[PDB]
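>>> Here we go, the starting part of the complex in its complex frame:
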Amino acid sequence: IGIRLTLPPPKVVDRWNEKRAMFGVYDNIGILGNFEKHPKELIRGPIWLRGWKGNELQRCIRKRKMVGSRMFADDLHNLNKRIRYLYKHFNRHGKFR
Amino acid sequence: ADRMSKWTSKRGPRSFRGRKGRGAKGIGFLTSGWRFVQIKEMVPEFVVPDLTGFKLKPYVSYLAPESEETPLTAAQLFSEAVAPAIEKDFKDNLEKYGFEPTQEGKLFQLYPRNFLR
Amino acid sequence: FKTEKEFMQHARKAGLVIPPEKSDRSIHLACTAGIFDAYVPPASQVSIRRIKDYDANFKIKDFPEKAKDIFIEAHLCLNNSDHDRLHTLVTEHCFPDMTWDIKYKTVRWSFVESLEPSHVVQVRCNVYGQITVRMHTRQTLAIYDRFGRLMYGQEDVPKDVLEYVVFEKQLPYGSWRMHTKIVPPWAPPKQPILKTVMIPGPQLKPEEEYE
Amino acid sequence: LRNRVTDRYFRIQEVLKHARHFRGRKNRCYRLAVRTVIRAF
Amino acid sequence: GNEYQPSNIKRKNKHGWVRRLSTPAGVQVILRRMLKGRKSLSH
Amino acid sequence: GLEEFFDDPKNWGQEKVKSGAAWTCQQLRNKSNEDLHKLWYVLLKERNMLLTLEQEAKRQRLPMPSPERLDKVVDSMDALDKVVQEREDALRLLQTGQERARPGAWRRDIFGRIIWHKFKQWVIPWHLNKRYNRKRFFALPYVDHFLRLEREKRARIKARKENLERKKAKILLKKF
Amino acid sequence: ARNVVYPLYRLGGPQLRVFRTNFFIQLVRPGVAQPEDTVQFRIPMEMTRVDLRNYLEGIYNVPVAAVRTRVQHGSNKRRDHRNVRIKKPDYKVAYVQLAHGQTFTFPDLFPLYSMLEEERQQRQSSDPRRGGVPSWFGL
Amino acid sequence: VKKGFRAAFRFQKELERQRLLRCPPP
Amino acid sequence: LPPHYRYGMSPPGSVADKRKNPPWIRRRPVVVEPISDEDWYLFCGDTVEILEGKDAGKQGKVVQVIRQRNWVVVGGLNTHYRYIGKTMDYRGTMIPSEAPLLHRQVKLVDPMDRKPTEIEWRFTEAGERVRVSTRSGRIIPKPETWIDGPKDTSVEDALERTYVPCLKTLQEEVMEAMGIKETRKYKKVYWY
């Protein structure tokens, strides 16, 4: 059917462990540190999208203009494909016109 | 309409069977009348020595001890072979030591190799 | 299949060569298929001397009753229907000899005070000695089964039971465990169940003839 | 998903248990159940 | 209908490796199968 | 003498052939070259005995009397071959020093990949070799997209294995 | 002489001898009835018929007279759990008919338990008059 | 194969009620 | 064997293993806890003690060690009692067959203190790697013949250093012995 059969694995999760303990510690970095470095650098994440959060089409546009010459050919053709798709997607057919 | 098998003997027509063969080495030549002449020159020649009186049996007894795996290092073997000749000669032109300019005249040359297995 | 030889012959006919795998691990069994010497009931101090070399602390007369208590535990092993202390109590040669017919049935048997006291008779000897006690106690047994019908064994009145129950002690860290139970050819007949069971004749097929 | 539709047998048993006195194949399955039970209420 | 009346000589002709490698587009075909990673890289 | 094509008739039916261990390589390395030839021939005879016995065992559909003996003789013969190869390699290193025993090279083939081709001993010369000149060992620019694609597949397998290993490690540390 | 390139030979080269020929051999019992004066073998995939004569003359000095070659293709109707065509080991077989009236027959090769032996024969089987009652109890 | 920890508990409660209705205890 | 093929206490290639873990299965793997490569702290036959389970505290001996499942077979305890010879009508025979135990589930025994001792595979002047106890200053070593056959070569024969190093080939030395008088040499061809 569509249910489980027994009670599932017991969710051993310590909500108070170290790798979550400092979650945002030293993360008011800018005005609480005499303006040396903004929070706009403290994020450890991909350089395609580290803090210019536009739309989906914008997301891909930034991915291209940042790292396109660093992809295998499948990713380049893929990013080009969806970029063409989205450029057609924005201004063609929708609810508000 | 089948392809995944190997290309061994049985594939198609007569001559299509005729050319290829399994893993032999050729022995002769094809001359007139579709007659093959195979020379004793190009044939395999397996001349083993006489086995009588060699005391080394095919298996080795387990009562013997073990040793260390001493690979035949080229510098080590070269030193062990050339040490006495060089020691006497320096106490006394590598042709006396047997250095080979070319192996063009030897039966068993090395580069290319003409020996077998 | 009939035995190992029949399986091997039908294996050769089936072509299934059982490949010999070389393994150092074996079975460290601690039971004996039989006993070293069975004392036939109606000079054996060499076995006692050989046993004292390993244990060095053994009183024969006090060895019986606790073993009888262990034998009583065997009755408890049926009365509690608890194979746990059974496997913790007796030999593996006795576990099939005490359970494979005993299972899938109800037994509420018990022992009571001896008609005749048990006497130690046997002594024996990869080392496992065997000591037997001849006991005539009171028994209260009943064969209840899947139907729940208590079928073989009187209801409440105990009966005199004499037999040469032989336990065995191997030589590691264990102690005496129940080996077997000697019954002489001069033993009295048993009381069977009240059910009548047919012994089928030699079943002739439609082709042959009946003698 | 980041969340799939997990409460089905509870939902269907909430559906069919107010019409379990019918006849025919509609004693069982959710589509027949909804149609007849809706009519009945 | 019995259209597929194949023959081994013509098979290794029209589907072999030498002919499939004679013009560089076929070399590209070989490479396309290779990055596709099949087994029957030719016929 | 065909009598050696079967094993010793005395040991037949004994369910096991009491044979020693294989000759140690360095221990075998102390024997003469003529002795090496003797050892190789004795190994050939025993190995033939092994092959005939095993095939007959299949023909009789029964177990093997000395199953480890065949592979042991094979292993000892392989060790003797290793010693022979070591001596021939010492000869090739001393006398000329070329690395791969056959003369050959690294080049590129019509599939565009980098490989090492082997030259073959053949009579006629490379300025007239009617077959070797047919060997199209040239690649024009039409191999680019496929070559980089091959790089892409290699990288995909690489990142796949790395992710699998490190995530398996993370689950492993979670188990402690 | 398998698994190696033999040396190139010209019109008048030296006799290309061997040192330790790797081409092992296996001669089995005949399967169908055969004449007496020939013994066959499952030679490996490489050597020639005259090579078989030479290898026999080296190993045992047999009087080789006739030599025979037949290429038994391995079968290809047997599948694995992935359901693929997996051809068997194909084999080329050979036969040397030996001379001087010798005729070699196939050798007729290949011509804890006691505890179970004290158990299986010592079953002490259930009596019909017992009727399923357990015999561990003696009463 | 719903990754979740509650609807299981709901179905377990229903099945336990079913077990109680299967044969009521003494 | 197969990728992530589950090994067991039976032989690593057994037919009974193929009736246990056949090649056609892709089963669920077990989580193997990785110990250090020089730190397989069990030796075949050594006395140890099970710190857990029924009959814990006794002394046993680990005989079988399949490092793949990373479990220890300490015979003497930790056994089930199962019938063997399950034939059509044969009564069978009950045997106490013993299963594995985990490396963290048992502790090695101190050879002098007679206690469950966790030891470190440390270094010594005589021995580069050896298990060394912390509760006591003792090193635990690993604990523990051939009649010559008709095809068995003796050690006396095996003591001959007959490989006198020459500058000639093995084929060359043999032909020097064999007397194969060489008339022609090879002709020089190219490398096409």
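Yes, it's here. Numbering: from 1, shown residues only, chains lettered A, B, ... in the order given.

>>> and the residue of chain I nearest chain H?
Among residues of chain I, the one nearest chain H by CB to the nearest CB turns out to be residue I:28. It sits 15.0 Å away. For every residue, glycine as well, the C-beta is placed using N, CA and C.

>>> Not counting its own residues, what contacts stretch B:11-18?
With contacts defined as CB atoms under 8 Å, 6 or more residues apart in numbering or on different chains, stretch B:11-18 is touched by B:9-10, E:7-9, E:11-12.

>>> all helices for the chain, in order.
No chain was given, so I picked chain A. A:18-21, A:56-67, A:73-90 (DSSP state H).

>>> please go with chain G instead
Assigned helices in chain G, in chain order: G:49-59, G:113-120 (criterion: DSSP H).

>>> Of all the ones you listed, which one is nearest residue C:113?
Closest to residue C:113 of the helices of chain G, according to CB to CB: helix G:113-120, at 35.8 Å.

>>> Verify the contact between residue G:96 and residue G:39 for me.
Yes: because the distance of 6.1 Å satisfies CB atoms under 8 Å, residue G:96 is recorded as touching residue G:39.

>>> out of everything not next to it in sequence, what's closest to residue 40?
Just going to use chain A. Across the structure, with CB to CB, 6 or more residues apart in numbering or on different chains as the measure, the residue nearest residue A:40 apart from its sequence neighbours is residue A:51 (5.5 Å).

>>> should've been chain E
Nearest non-adjacent residue to residue E:40, counting by CB to CB, 6+ apart: residue B:3, 4.8 Å away.

>>> also put RNA strand J on there:
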RNA sequence: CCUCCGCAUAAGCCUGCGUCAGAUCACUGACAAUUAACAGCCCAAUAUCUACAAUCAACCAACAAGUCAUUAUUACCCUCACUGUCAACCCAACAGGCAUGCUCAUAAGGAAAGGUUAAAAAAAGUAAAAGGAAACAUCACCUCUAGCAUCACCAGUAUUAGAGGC
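Okay, here's RNA strand J dropped in alongside the others:
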């Protein structure tokens, strides 16, 4: 009682009703097979002859105008290697085809009736009185273009080559 088939080689497939055991109108695993004179696999240079069909080939009788030959000179010695050989076989519908050599029903090969009953409607066959139907190509011809050569036309020359009409 059937056999306008059958037996072979050819092609083409790939061990596919051989043997010992399992149980899946009542296939699976292991073991064994096909030992060449037939057929392929070839042919040491440079030049030089090679009009006189075949049809039983002697006549007649032709047109569509012929499907097969060395020789000269130089150089050259050593012999039996390798690979196909099986089979109830191949392409398709879920009616059919298969090139070639022999036997024109035969020496080889094969079985349309699972068992019964004897309905109609249908299908096939037998029997029935009395009557006996109640356009494209093309030969021929015409027209038009083209005065000529080394990859077609053509190795040709306006009685030629190509294109339209009836």
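
>>> how many other residues sit next to residue 37?
Just going to use chain A. By other CB atoms under 10 Å in any protein chain shown, 10 other residues sit near residue A:37.

>>> actually chain F
Residue crowding around residue F:37 was assessed by other CB under 10 Å; the count is 24.

>>> other SSEs contacting the helix or strand hosting it?
Secondary structure assignment for residue F:37, by DSSP states H and E: helix F:33-60. Counting contacts by 3 or more CB pairs under 8 Å, 6 or more residues apart in numbering or on different chains; DSSP states H and E, helix F:33-60 packs against helix F:67-95, helix G:49-59, helix I:170-178.

>>> right, is it up against RNA strand J?
Yes: judged by CB under 7 Å from any atom of the strand, helix F:33-60 comes into contact with RNA strand J at F:55, F:58-59.

>>> before we move on, the earlier item: let me have the helices and strands packed on helix F:33-60 in CSV, extended by mean neighbour count and distance to residue G:73.
Output for those, formatted as CSV (neighbours: other CB atoms under 10 Å in any protein chain shown; distance: least, CB to CB, whole Å):
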stretch, mean neighbour count, distance to residue G:73
helix F:67-95, 19, 26
helix G:49-59, 20, 19
helix I:170-178, 19, 37
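
>>> Stretch E:5-23 spans what distance, first to last residue?
From the first residue to the last, stretch E:5-23 extends over 27 Å; the measure is CA to CA, to the nearest Å.

>>> hmm, that stretch touching RNA strand J?
Yes: contact between stretch E:5-23 and RNA strand J, assessed by CB under 7 Å from any atom of the strand, occurs at E:5-9, E:11.

>>> The following sequence is to be added as RNA strand K:
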RNA sequence: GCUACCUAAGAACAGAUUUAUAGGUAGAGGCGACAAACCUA
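Take a look at RNA strand K, now in place beside the chains above:
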């Protein structure tokens, strides 16, 4: 590689015949006794 048309080089008995085998003509095409037909359901 079926079929359409052609080449090479064979076969059967009476041509505008069929066919064993290789080879050639690729779609913006070829082929076409032109059926506005074919060239892999």
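
>>> The neighbour count of residue F:37 again, this time with RNA strand K added?
Look at residue F:37: counted by other CB under 10 Å, it has 24 neighbours.

>>> ok, it touching residue G:20?
Yes: distance between residue F:37 and residue G:20: 6.3 Å, which falls inside the contact criterion (CB under 8 Å).

>>> now the helices for chain E?
For chain E, the helices identified by DSSP H occupy E:8-14, E:24-36, in order along the chain.

>>> who wins for proximity to residue B:72 among the ones you listed?
Closest approach to residue B:72 among the helices of chain E (CB to CB): helix E:24-36, 40.7 Å.

>>> From the chain's centroid, how far away is the closest one?
Using CA atoms, centre = their mean, to the nearest Å, the mean C-alpha position of helix E:24-36 is found 10 Å from that of the whole chain.

>>> And it, what does it pack against?
helix F:144-174.

>>> burial measure for residue G:32, as a count.
Residue G:32 is flanked by 4 other residues according to other CB under 10 Å.

>>> how much space is there between it and residue B:11?
The span separating residue G:32 from residue B:11 equals 28 Å under the rule CB to CB, to the nearest Å.

>>> Please report the distance of residue C:172 from chain A.
For residue C:172, the distance to chain A (CB to the nearest CB, to the nearest Å) stands at 41 Å.

>>> So for chain E, the centremost residue is which one?
The residue at the geometric middle of chain E, judged as the C-alpha nearest the mean C-alpha position with CA atoms, centre = their mean, is residue E:15 (3.7 Å).

>>> Count the neighbours of the nearest residue in space to that one that is not next to it in sequence for me.
Spatial nearest neighbour of residue E:15, chain neighbours left out: residue E:43 (3.8 Å); criterion: CB to CB, 6+ apart. Residues lying near residue E:43 (other CB under 10 Å) number 12.
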